[PDB]
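Participant: Sharing a structure, written as structure tokens. Questions coming.
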Amino acid sequence: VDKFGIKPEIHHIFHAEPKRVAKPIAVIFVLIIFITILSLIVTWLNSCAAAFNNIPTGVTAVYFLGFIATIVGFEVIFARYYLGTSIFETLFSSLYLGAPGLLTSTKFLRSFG
Amino acid sequence: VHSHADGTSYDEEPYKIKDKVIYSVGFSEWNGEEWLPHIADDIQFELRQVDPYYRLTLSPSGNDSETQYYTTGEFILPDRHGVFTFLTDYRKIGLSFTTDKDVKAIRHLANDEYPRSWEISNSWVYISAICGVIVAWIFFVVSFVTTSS
Amino acid sequence: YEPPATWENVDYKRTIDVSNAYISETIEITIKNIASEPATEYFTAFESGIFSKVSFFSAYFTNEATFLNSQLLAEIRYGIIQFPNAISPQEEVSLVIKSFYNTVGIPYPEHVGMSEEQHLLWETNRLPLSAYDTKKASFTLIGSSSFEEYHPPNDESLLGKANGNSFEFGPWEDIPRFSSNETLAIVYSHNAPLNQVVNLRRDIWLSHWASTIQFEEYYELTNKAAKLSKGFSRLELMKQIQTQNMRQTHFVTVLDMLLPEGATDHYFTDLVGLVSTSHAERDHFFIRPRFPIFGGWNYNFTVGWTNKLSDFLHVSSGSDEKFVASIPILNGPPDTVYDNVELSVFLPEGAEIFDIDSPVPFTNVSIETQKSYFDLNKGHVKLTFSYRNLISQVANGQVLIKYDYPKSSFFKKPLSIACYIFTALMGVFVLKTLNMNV
Amino acid sequence: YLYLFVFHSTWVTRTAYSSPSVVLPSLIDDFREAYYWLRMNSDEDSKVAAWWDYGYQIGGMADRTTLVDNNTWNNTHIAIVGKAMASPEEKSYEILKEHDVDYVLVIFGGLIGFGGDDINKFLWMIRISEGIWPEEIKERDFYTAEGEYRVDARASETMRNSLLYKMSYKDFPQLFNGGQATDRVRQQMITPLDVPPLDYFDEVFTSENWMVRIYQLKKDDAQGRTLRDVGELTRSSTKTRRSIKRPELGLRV
Amino acid sequence: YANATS
Amino acid sequence: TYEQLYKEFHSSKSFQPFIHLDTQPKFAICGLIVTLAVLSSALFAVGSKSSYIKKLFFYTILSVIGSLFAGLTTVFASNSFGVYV
Amino acid sequence: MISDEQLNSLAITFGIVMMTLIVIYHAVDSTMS
Amino acid sequence: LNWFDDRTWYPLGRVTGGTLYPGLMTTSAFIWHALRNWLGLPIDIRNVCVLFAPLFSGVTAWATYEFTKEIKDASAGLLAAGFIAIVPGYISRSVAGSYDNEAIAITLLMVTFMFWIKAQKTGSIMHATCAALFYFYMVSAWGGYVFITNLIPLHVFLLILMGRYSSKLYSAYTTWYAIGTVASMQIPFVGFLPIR
Amino acid sequence: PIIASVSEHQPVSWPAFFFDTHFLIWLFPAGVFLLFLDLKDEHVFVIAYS
Ligand SMILES: *[C@@H]1O[C@H](CO)[C@@H](O[C@@H]2O[C@H](CO)[C@@H](O[C@@H]3O[C@H](CO[C@H]4O[C@H](CO)[C@@H](O)[C@H](O)[C@@H]4O)[C@@H](O)[C@H](O[C@H]4O[C@H](CO)[C@@H](O)[C@H](O)[C@@H]4O[C@H]4O[C@H](CO)[C@@H](O)[C@H](O)[C@@H]4O[C@H]4O[C@H](CO)[C@@H](O)[C@H](O)[C@@H]4O)[C@@H]3O)[C@H](O)[C@H]2NC(C)=O)[C@H](O)[C@H]1NC(C)=O
Ligand SMILES: CCCCC/C=C\C/C=C\CCCCCCCC(=O)O[C@H](COC(=O)CCCCCCCCCCCCCCC)COP(=O)([O-])OCC[N+](C)(C)C
Ligand SMILES: CCCCC/C=C\C/C=C\CCCCCCCC(=O)O[C@H](COC(=O)CCCCCCCCCCCCCCC)COP(=O)([O-])OCC[N+](C)(C)C
Ligand SMILES: CCCCC/C=C\C/C=C\CCCCCCCC(=O)O[C@H](COC(=O)CCCCCCCCCCCCCCC)COP(=O)([O-])OCC[N+](C)(C)C
Ligand SMILES: C[C@H]1CC[C@]2(OC1)O[C@H]1[C@H](O)[C@@H]3[C@H]4CC[C@@H]5C[C@H](O[C@H]6O[C@@H](CO)[C@H](O)[C@@H](O)[C@@H]6O)[C@@H](O)C[C@@]5(C)[C@@H]4CC[C@@]3(C)[C@@H]1[C@H]2C
Ligand SMILES: C[C@H]1CC[C@]2(OC1)O[C@H]1[C@H](O)[C@@H]3[C@H]4CC[C@@H]5C[C@H](O[C@H]6O[C@@H](CO)[C@H](O)[C@@H](O)[C@@H]6O)[C@@H](O)C[C@@]5(C)[C@@H]4CC[C@@]3(C)[C@@H]1[C@H]2C
Ligand SMILES: C[C@H]1CC[C@]2(OC1)O[C@H]1[C@H](O)[C@@H]3[C@H]4CC[C@@H]5C[C@H](O[C@H]6O[C@@H](CO)[C@H](O)[C@@H](O)[C@@H]6O)[C@@H](O)C[C@@]5(C)[C@@H]4CC[C@@]3(C)[C@@H]1[C@H]2C
Ligand SMILES: C[C@H]1CC[C@]2(OC1)O[C@H]1[C@H](O)[C@@H]3[C@H]4CC[C@@H]5C[C@H](O[C@H]6O[C@@H](CO)[C@H](O)[C@@H](O)[C@@H]6O)[C@@H](O)C[C@@]5(C)[C@@H]4CC[C@@]3(C)[C@@H]1[C@H]2C
Ligand SMILES: C[C@H]1CC[C@]2(OC1)O[C@H]1[C@H](O)[C@@H]3[C@H]4CC[C@@H]5C[C@H](O[C@H]6O[C@@H](CO)[C@H](O)[C@@H](O)[C@@H]6O)[C@@H](O)C[C@@]5(C)[C@@H]4CC[C@@]3(C)[C@@H]1[C@H]2C
Ligand SMILES: C[C@H]1CC[C@]2(OC1)O[C@H]1[C@H](O)[C@@H]3[C@H]4CC[C@@H]5C[C@H](O[C@H]6O[C@@H](CO)[C@H](O)[C@@H](O)[C@@H]6O)[C@@H](O)C[C@@]5(C)[C@@H]4CC[C@@]3(C)[C@@H]1[C@H]2C
Ligand SMILES: *C(=O)c1ccc(-c2c3ccc(=[N+](C)C)cc-3oc3cc(N(C)C)ccc23)c(C(=O)[O-])c1
Ligand SMILES: *[C@@H]1O[C@H](CO)[C@@H](O[C@@H]2O[C@H](CO)[C@@H](O)[C@H](O)[C@H]2NC(C)=O)[C@H](O)[C@H]1NC(C)=O
Ligand SMILES: *[C@@H]1O[C@H](CO)[C@@H](O[C@@H]2O[C@H](CO)[C@@H](O)[C@H](O)[C@H]2NC(C)=O)[C@H](O)[C@H]1NC(C)=O
Ligand SMILES: *[C@@H]1O[C@H](CO)[C@@H](O)[C@H](O)[C@H]1NC(C)=O
Ligand SMILES: [Mn+2]
């Protein structure tokens with residue numbers, strides 16, 4: 001009776017996509033982390049750990065600002081990589097920031113330390 | 001003819017696991033002087049790798065002047081990748097034998113086709129940690145260079 | 001549309017030659033004007049398919065030695081022959097028309113053996129097709145050893161007789177115009193390969209610093225002869241070889257390329273590497289493909305060589321910076337037909353083309369640039385011609401290019417390399433004059 | 001000792017480690033001839049079955065689809081190929097037809113004494129097939145009764161009827177006048193009565209030195225007769241064809 | 001010694 | 001136009017090379033030596049511990065000479081290896 | 001192009017020169033220091 | 001990186017992006033692009049892949065010189081470079097035409113080791129970071145990276161048993177492990193293997 | 001059964017060690033012995049590698 005009649009239907013059976021945690025518990029843990037970071041910053045400031053005493057002045061100041069800009073800058077670049085920016089644009093912005101940023105940072109560290 | 005359920009052809013964007021697609025084919029009969037729409041209720045479409053992953057009976061959708069058109073109401077491609085065959089083998093005793101085959105590759109999901117980290121509630125705790133760490137690191141560097149021992 | 005019947009044909013003699021892989025036709029035509037108005041034009045009739053497959057078309061006087069102006073016009077199609085000086089209203093003219101088509105007869109038995117002889121079936125109109133009535137006509141077939149007819153007609157007059165390597169047809173003595181109704185189907189014996197180059201990309205590179213011209217040709221060859229029944233059996237091929245059957249066979253075993261005199265540095269490769277079975281003799285380059293090319297098989301390959309620039313490039317007399325190059329359009333095997341030719345000439349970087357001309361009509365011409373081994377700037381000037389139906393030894397003309405190349409452009413290339421190196425050196429100096437110490 | 005080191009290194013490099021495997025010196029260029037034939041005279045969407053050793057090269061030089069290659073990540077698939085290459089031609093036909101195969105490519109060095117041909121690898125193919133399917137493919141049936149691995153008139157009847165054997169030694173005794181060939185890799189003599197015919201495959205290409213042989217799976221019969229019976233029908237003309245009697249067929253369904 | 005049968 | 005150009009081409013002198021190909025290998029081998037000498041000297045000048053206003057001057061002149069030589073020898077060597085420019 | 005014997009001679013010459021110069025360097029480094 | 005070819009392992013295909021070490025192809029393509037656009041030399045890709053290994057033999061020689069200079073001195077390094085330049089055990093798999101994973105791997109390996117030595121005896125964080133970056137390069141280029149993953153710890157472990165622990169050891173090994181481990185999981189063929 | 005069949009995964013005979021290293025094969029053990037009599041951390045790395 002094979003080779004001749006009609007064959008029954010077949011339907012694929014798909015697997016299960018992973019379950020995701022309910023949003024309130026994740027929100028609670030994000031609040032925990034935010035409180036922890038606020039704790040860290042206030043702990044630093046309350047103690048004399050960070051006292052902002054050796055602030056550069058004069059010409060060294062601008063070098064300081066260049067060092068700060070290079071540091072924040074790279075971070076910003078990475079954030080934009082996290083948002084969707086390509087890897088080639090990331091490497092090009094990294095080179096453009098890293099040449100003069102490296103010069104300014106080396107000069108700051110060589111003149112203030 | 002098979003295509004995406006929306007209507008996009010295969011060549012505009014090749015297939016991919018768990019996609020939605022539609023298949024259609026027309027049949028006509030010769031009675032000696034004319035070509036007339038053929039009406040049958042037991043034609044079947046198969047999607048096979050070596051074994052039939054799908055086997056679906058076709059329903060009539062739209063008659064033309066000479067050809068009756070059958071379709072497979074939109075279905076979902078399996079979650080397995082590989083080279084599949086879309087096949088219509090109309091082999092019924094007493095009539096001519098019909099064979100339509102199409103060999104097409106069904107691809108895996110790309111790296112930029114998964115859901116992003118900010119869309120899964122679980123990752124929310126892990127992004128926050130990383131984000132907080134980076135901010136603290138910046139403050140630490142500043143506070144390190146602006147303090148005196 | 002029909003051209004006005006200003007002429008009448010005293011006599012019509014059509015001889016078709018089938019010796020080569022293309023059809024050659026010579027018409028002996030005697031014409032006299034039948035109107036009182038003087039007319040300097042004559043029109044030639046061609047069927048749509050024959051018109052598309054026409055490669056070469058020319059005409060002259062049976063007495064003079066120079067050619068008239070014969071141009072194709074673009075569903076019988078027409079070619080126009082122009083007369084230098086007008087004719088009397090009633091006077092005789094003796095024309096000789098020659099044409100070469102890109103078509104050939106298909107094998108009548110499509111599948112034959114490795115050693116069997118081949119026969120081809122060719123279909124052409126039997127009575128003279130023309131737009132001017134003819135009062136005498138004749139047809140002849142030459143080039144083969146045996147001629148037969150496929151489904152001959154009952155009427156005795158519409159039949160032919162054999163001579164030595166010849167086949168004459170009926171000497172009819174009154175034909176009306178546009179009488180292309182009966183179609184003749186002839187079967188003849190052609191036991192040679194039918195070579196067909198589906199695409200040729202011929203690249204000529206000119207260099208003033210080295211004083212060399214380099215030719216690189218990429219062939220895409222096919223064999224339109226009978227297919228092999230029973231498939232290929234290397235044993236049978238070897239038993240044919242060792243039997244010393246050097247008979248004219250219809251598969252390609254060795255090609256003979258005819259190169260310009262004085263060529264050097266020959267090479268023969270294909271898409272998979274370098275082929276070692278090639279041998280150079282004076283003016284000739286013999287080539288053996290990886291496998292014999294039987295009916296229906298393809299082979300895409302590449303040949304190349306070098307020549308002295310002083311044979312193709314001359315200097316203008318008014319200034320030492322205007323050059324004229326005369327470059328051959330085809331350098332290939334003896335009996336071959338081409339279906340698409342893209343001929344590219346590469347002039348040096350600073351060259352500005354001033355004048356161009358081709359001896360045969362082309363389908364396209366274009367000018368662009370392309371970068372090469374030391375082209376830091378825009379690159380070599382690429383001048384490309386596109387031709388359609390070309391035949392091996394009837395398209396023997398030469399393309400003429402007149403360009404300008406000042407000494408500034410000659411010396412600017414080492415200068416560009418020097419600027420690159422100097423920039424790198426300045427960069428090294430800059431990198432070694434700043435400290436990154438902490 | 002330093003200078004001698006230099007000399008020894010140069011000699012070892014020039015002698016042992018400076019030869020490609022796709023061209024053999026003598027030149028013998030039979031791999032690139034059959035690969036370029038596959039690339040020029042076969043449909044672009046064509047599947048070529050062969051042993052896994054020659055996977056990459058095909059995909060790199062013939063530019064056709066393969067079933068296995070050197071990146072041996074799935075072993076069941078390789079076992080399927082080796083079982084097709086180690087079974088009678090009917091079983092091999094069914095297997096290779098299920099996988100939509102068009103061409104089969106074998107390597108044979110019996111004429112020039114290559115040595116790295118397919119027969120040498122046969123016992124390995126067999127071992128893998130045996131591993132996946134122990135009760136269908138038995139290595140002991142490819143030896144003689146005394147334990148020899150022969151290909152002459154003393155070869156076992158299972159080795160004689162395998163696909164690789166008939167696809168390697170076809171038309172080989174007729175290459176020599178008199179009908180007595182010598183396998184230069186095995187030093188055994190082959191007679192035109194040793195090689196049985198192929199009824200399910202057709203030779204489409206043999207390289208100039210017989211190193212690479214490409215066969216094509218023939219299409220099935222329109223009437224539904226087995227390809228074996230079409231072959232017997234061609235190889236047999238008898239006046240008294242058979243008796244009247246009756247078929248032992250079963251009930252029509 | 002290559003990635004090939006022996 | 002074809003006629004006139006043909007007549008011109010067939011009534012003119014041939015191409016005479018600037019420097020013959022057979023000579024260019026020697027010129028390349030000599031210019032490579034000159035380039036090596038000059039450049040290697042300018043690297044010595046870079047290593048020199050003298051003032052900056054004079055190191056710049058010497059380096060620039062030496063590089064402006066070595067680069068001309070290196071370009072010429074690049075052309076000659078490329079032509080001599082079989083890669084015509 | 002270059003031949004096979006020529007490339008062999010070139011490789012051997014490069015090796016011999018390299019070994020001789022490393023020996024001279026080692027002798028000067030060990031003797032003068 | 002997202003390549004799926006339907007011309008190998010016919011009915012199944014192969015996900016070639018995530019089952020392949022993409023370092024060799026990436027380096028060859030970068031060299032091709034740099035020759036074609038920055039030097040104005042459009043060399044055929046086939047020739048690039050053919051001459052890849054003769055080009056990196058010299059870098060392997062230089063890295064062996066540096067490593068041996070880190071061991072004994074510069075004269076020993078010159079001897080080691082001369083040896084590794086022409087020794088047949090390395091030439092067997094780096095002849096012009098041999099375009100396998102090792103054509104570059106033996107180079108990167110050496111470089112990694114060099115940096116690690118400079119990281120182990122000086123205590124530098126920068127040299128440990130360079131060692132980790134070239135270890136990532138080797139993980140992306142060749143599958144025998146696991147050798148290094150087992151050789152650098154063993155070393156450290158031995159130094160602990162001999163009583164030779166120092167703060168330089170902590171600095172070097174901890175920096176290398178952290179950075180190289182987090183970086184080696186980005187190759188899709190490796191994935192979560194460094195932890196399981 | 002497959003890893004056992006590839007010619008690159010087989011043990012080595014002694015001549016192949018002399019074929020690939022002319023005389024470096026009997027300087028290699030001596031150099032390891034000489035690195036043991038002056039044990040530094042870098043040398044321990046070389047010994048374990050060896
Ligand atoms: C490496 O290469 C090798 C060789 O190329 C690959 O190996 C192949 O892998 C295939 C799977 O991908 C495998 O095919 C399966 O074999 C299963 C076992 O078959 C044998 O046993 C059964 C008895 O159980 C016999 O009847 C049969 O003849 C064999 O001897 C089958 O169970 C599978 O069949 C199912 O799938 C096919 C098509 O996918 C259907 O036609 C069939 O009807 C079955 O379908 C059911 O299951 C699927 C999900 O798998 C459902 O979607 C479907 O709706 C059906 O579900 C109903 O039935 C199930 C019970 O099965 C029930 O639980 C459910 O509730 C429903 O009622 C399939 O035929 C090949 O045999 C195998 N080849 C070899 C030589 O080993 C290997 O994959 C490769 N590795 C890779 C790629 O990584
Ligand atoms: C202060 C300096 C800071 C910079 C530090 C620099 C390098 C850190 C060292 C190692 C980090 C490893 C992780 C980065 C991987 C980036 C690849 C990528 O980019 O592939 C990614 C994704 O493919 C992959 O994952 C596959 C893995 C890639 C394997 C690596 C290729 C091998 C090459 C080896 C190196 C060759 C040397 C050059 C040749 C000579 C493409 O990203 P996308 O284009 O889709 O952008 C979108 C950005 N979304 C995704 C975040 C939105
Ligand atoms: C950083 C340290 C690097 C150390 C060196 C590294 C690698 C080299 C070692 C071994 C490589 C062996 C190469 C074998 C040659 C194969 C081709 C061949 O054999 O050419 C020979 C010819 O040769 C020669 O006459 C060359 C003569 C002198 C060459 C110029 C000096 C070379 C300078 C090199 C750098 C130049 C750049 C200057 C920038 C300052 C065959 O010519 P043909 O008949 O085929 O030409 C076609 C026929 N016509 C001649 C008519 C066209
Ligand atoms: C960013 C990193 C850049 C690294 C380099 C930096 C700066 C210098 C750049 C280039 C200097 C010249 C390089 C020439 C290489 C092409 C030769 C070729 O390709 O030769 C092959 C065959 O071999 C040869 O004949 C020469 C053999 C000796 C080659 C010696 C090479 C020494 C250097 C090794 C590394 C070279 C760079 C690696 C990437 C190519 C071309 O054979 P064919 O059949 O295609 O044509 C043949 C011509 N018919 C078709 C007309 C017959
Ligand atoms: C690098 C460190 C620092 C940076 C950061 O941490 C890691 O990485 C940032 C991400 O970029 C996150 C944003 C992603 C985009 C997302 C858009 C949503 O809205 C869209 O929703 C679509 C569908 O619903 C509509 O189609 C659209 O139109 C509509 O804009 C919005 O709700 C939330 C938002 C903005 C995410 C917030 C947190 C961010 C900024 C994260 C930071 C904390
Ligand atoms: C002193 C401070 C000054 C402010 C700042 O720090 C230093 O420096 C700013 C930068 O200029 C950033 C912007 C860059 C351009 C970027 C374009 C985005 O478009 C994307 O949108 C995604 C979906 O949301 C798509 O997926 C992507 O493909 C698509 O590129 C847009 O959304 C965000 C935007 C504007 C960035 C936001 C963060 C900014 C403002 C940074 C701040 C933190
Ligand atoms: C102290 C440090 C550590 C903490 C941190 O830096 C400072 O400050 C955190 C913020 O709290 C950020 C979260 C805000 C909530 C936000 C919800 C979004 O979901 C949207 O989704 C859209 C699509 O449906 C819907 O339209 C919208 O309505 C819906 O809100 C989600 O994308 C991103 C998420 C979770 C942010 C992640 C990063 C966090 C944690 C940041 C860290 C970097
Ligand atoms: C500083 C770097 C760059 C320079 C270089 O590396 C070190 O050092 C170069 C050497 O000088 C090499 C040449 C040696 C001479 C040798 C002669 C042969 O000449 C043939 O031609 C006729 C000639 O009279 C006759 O017939 C026969 O002698 C013979 O057949 C020729 O084939 C090869 C050739 C020229 C070598 C090529 C490679 C060179 C240029 C080497 C470079 C790579
Ligand atoms: C400071 C520098 C300056 C001086 C120099 O270095 C130190 O000191 C020179 C040596 O004299 C070297 C030669 C030795 C003889 C050797 C013979 C080979 O020829 C055959 O020798 C047979 C033997 O068994 C083989 O059987 C054959 O295979 C092999 O071809 C030849 O290839 C290389 C050659 C000539 C050496 C080349 C380098 C030389 C000239 C060296 C100079 C560069
Ligand atoms: C001290 C040591 C010892 C103990 C241990 O380490 C620390 O701690 C264990 C964890 O419990 C780990 C498992 C968690 C579940 C996790 C699921 C992932 O599945 C992903 O697979 C991708 C395909 O690439 C998909 O794309 C993704 O969607 C999908 O999430 C899988 O890859 C890894 C796996 C199994 C973890 C690794 C092993 C375990 C057991 C770890 C041990 C080795
Ligand atoms: C790996 O299995 C393997 C590598 C090298 C050799 C080998 C030769 C291979 C190819 C050759 N050509 C075709 C030029 C010659 C070879 O000669 C050799 C000589 C020795 N000696 C001197 C002991 C060693 C190996 C080779 C083989 C192989 O034995 O065929 C195998
Ligand atoms: C070799 O040349 C032939 C002739 O041009 C190519 O054949 C053509 O291939 C394309 C694509 O497959 C088809 O669309 C054409 O119909 C073919 N033409 C003929 C006359 O057969 C062939 O593709 C070339 N092969 C390679 C590997 O380049
Ligand atoms: C002649 O010139 C070119 C032949 O190369 C053709 O026109 C161009 O064809 C290229 C090929 O893709 C296109 O990219 C261009 O857009 C086309 N136009 C131009 C202006 O370049 C065509 O054969 C001919 N063009 C004509 C007659 O205008
Ligand atoms: C199509 O429509 C119906 C069938 O649903 C029937 O009238 C006939 O088959 C067709 N009609 C016309 C007008 O073509
Ligand atoms: Mn390998």
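Chain labels A, B, ... are given in the sequence in which chains occur in the structure tokens; within each chain residues are numbered consecutively from 1, and ligands are likewise numbered from 1 in the order shown.
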Let me see if you get this right: every residue at most 8 Å from ligand 15, counting only C-alpha atoms and all ligand atoms, written as number ranges by chain.
Facilitator: E: 2-3; H: 100-102
Participant: Output the neighbourhood of ligand 3 as an MDAnalysis selection string, that is, all protein and nucleic acid residues with some atom at most 6 Å from the ligand, counting only C-alpha atoms and all ligand atoms.
Facilitator: (chainID F and resid 25 28:29 32 70 73:74 77 80:82) or (chainID G and resid 1:2)
Participant: Do you have, as a tab-separated table, the list of residues of chain I lying at most 7 Å from chain H, each with its nearest atom pair and that distance in Å to one decimal, counting only C-alpha atoms and ordered by chain then number?
Facilitator:
residue	atom	partner	partner_atom	distance
I:20	CA	H:89	CA	4.6
I:21	CA	H:87	CA	6.5
I:42	CA	H:71	CA	6.4
I:44	CA	H:155	CA	6.9
I:45	CA	H:155	CA	5.5
Participant: Using only C-alpha atoms and all ligand atoms, what are the residues with an atom within 10 Å of ligand 9, set out as a VMD selection string?
Facilitator: (chain D and resid 3 to 4 7 10 to 11) or (chain G and resid 5 to 21 24)
Participant: DSSP on the backbone, helix (DSSP H, G or I) only: what residues of chain F does that give? Format it as a ChimeraX atom specification.
Facilitator: /F:2-9,24-47,52-81
Participant: Just need the residues of chain A within 12 Å of chain D, counting only C-alpha atoms, so spit them out as a list in words.
Facilitator: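 Contact residues on the first chain: residues 1, 2, 3, 4 and 5 of chain A.
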Participant: What do you get as a list in words if you pick all residues at most 7 Å from ligand 5, counting only C-alpha atoms and all ligand atoms?
Facilitator: residues 78, 79, 82 and 83 of chain A; 118, 127, 128 and 131 of chain B
Participant: Let me have all residues with an atom within 12 Å of ligand 13, counting only C-alpha atoms and all ligand atoms, laid out as a list in words.
Facilitator: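 Counting only C-alpha atoms and all ligand atoms, the residues within 12 Å of ligand 13 come out as residues 342, 343, 344, 362, 363, 364, 365, 366, 367, 368, 382, 383, 384, 385, 386, 387 and 388 of chain C.
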Participant: Just the selected residues (N, CA and C atoms), exported as a tab-separated table (two decimals), in the first residue's frame, please.
Facilitator:
chain	number	residue	atom	x	y	z
C	342	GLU	N	36.70	42.59	-26.60
C	342	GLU	CA	36.96	43.79	-25.81
C	342	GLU	C	38.47	44.02	-25.87
C	343	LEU	N	38.87	45.06	-26.60
C	343	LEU	CA	40.28	45.35	-26.87
C	343	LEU	C	40.69	46.58	-26.08
C	344	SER	N	41.57	46.40	-25.10
C	344	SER	CA	41.99	47.48	-24.21
C	344	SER	C	43.45	47.83	-24.45
C	362	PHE	N	33.12	49.40	-34.79
C	362	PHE	CA	33.06	48.84	-33.45
C	362	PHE	C	31.70	49.14	-32.83
C	363	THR	N	31.35	48.33	-31.84
C	363	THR	CA	30.09	48.53	-31.14
C	363	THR	C	30.21	49.53	-30.00
C	364	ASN	N	31.39	49.70	-29.42
C	364	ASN	CA	31.54	50.74	-28.40
C	364	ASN	C	32.99	51.18	-28.31
C	365	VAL	N	33.18	52.36	-27.71
C	365	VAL	CA	34.51	52.87	-27.39
C	365	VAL	C	34.40	53.69	-26.11
C	366	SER	N	35.43	53.60	-25.26
C	366	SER	CA	35.41	54.29	-23.98
C	366	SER	C	36.84	54.56	-23.52
C	367	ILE	N	36.97	55.53	-22.61
C	367	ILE	CA	38.26	55.92	-22.05
C	367	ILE	C	38.10	56.09	-20.54
C	368	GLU	N	39.00	55.47	-19.78
C	368	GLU	CA	39.00	55.59	-18.32
C	368	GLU	C	40.44	55.46	-17.84
C	382	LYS	N	43.25	53.89	-19.91
C	382	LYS	CA	42.69	52.69	-20.52
C	382	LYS	C	41.72	53.08	-21.62
C	383	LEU	N	42.04	52.73	-22.86
C	383	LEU	CA	41.16	52.97	-24.00
C	383	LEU	C	40.60	51.63	-24.46
C	384	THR	N	39.28	51.47	-24.40
C	384	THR	CA	38.64	50.19	-24.65
C	384	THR	C	37.73	50.27	-25.87
C	385	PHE	N	37.87	49.29	-26.77
C	385	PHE	CA	36.98	49.12	-27.91
C	385	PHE	C	36.16	47.85	-27.72
C	386	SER	N	34.93	47.87	-28.23
C	386	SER	CA	34.05	46.71	-28.19
C	386	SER	C	33.58	46.39	-29.60
C	387	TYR	N	33.82	45.13	-30.01
C	387	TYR	CA	33.49	44.59	-31.32
C	387	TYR	C	32.65	43.34	-31.13
C	388	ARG	N	31.86	42.99	-32.15
C	388	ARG	CA	30.95	41.87	-31.98
C	388	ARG	C	31.38	40.64	-32.77
Participant: Between atom CA of residue 93 of chain A and atom CA of residue 107 of chain A, measure the distance and give it in Å to one decimal.
Facilitator: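 Calculated distance between atom CA of residue 93 of chain A and atom CA of residue 107 of chain A is 21.5 Å.
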Participant: Tell me which protein, DNA and RNA residues are within 7 Å of segment 182-192 of chain C, counting only C-alpha atoms, leaving out same-chain ones fewer than 4 positions away, and put them as a list in words.
Facilitator: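 Residues meeting the cut-off are residues 117, 118, 119, 120, 121, 122, 123, 124, 125, 126, 144, 145, 146, 147, 148, 149, 150, 248, 249 and 250 of chain C.
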Participant: One decimal, in Å: what's the spacing between atom CA of residue 7 of chain F and atom CA of residue 305 of chain C?
Facilitator: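 Atom CA of residue 305 of chain C lies 28.3 Å from atom CA of residue 7 of chain F.
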Participant: Could you write out as a PyMOL selection string the residues of chain F within 7 Å of chain C, counting only C-alpha atoms?
Facilitator: chain F and resi 2+9+12-17+21+63-64+67-68+70-72+75+79+84-85
Participant: Could you give me, as a ChimeraX atom specification, the residues within 6 Å of residue 55 of chain C, counting only C-alpha atoms and dropping anything in the same chain fewer than 6 positions from it?
Facilitator: /C:100-102,389-390
Participant: I'd like the neighbourhood of residue 4 of chain E as number ranges by chain, where a residue qualifies if any of its atoms comes within 8 Å (using only C-alpha atoms), though same-chain residues fewer than 6 positions away should be ignored.
Facilitator: D: 53, 70; I: 5-8
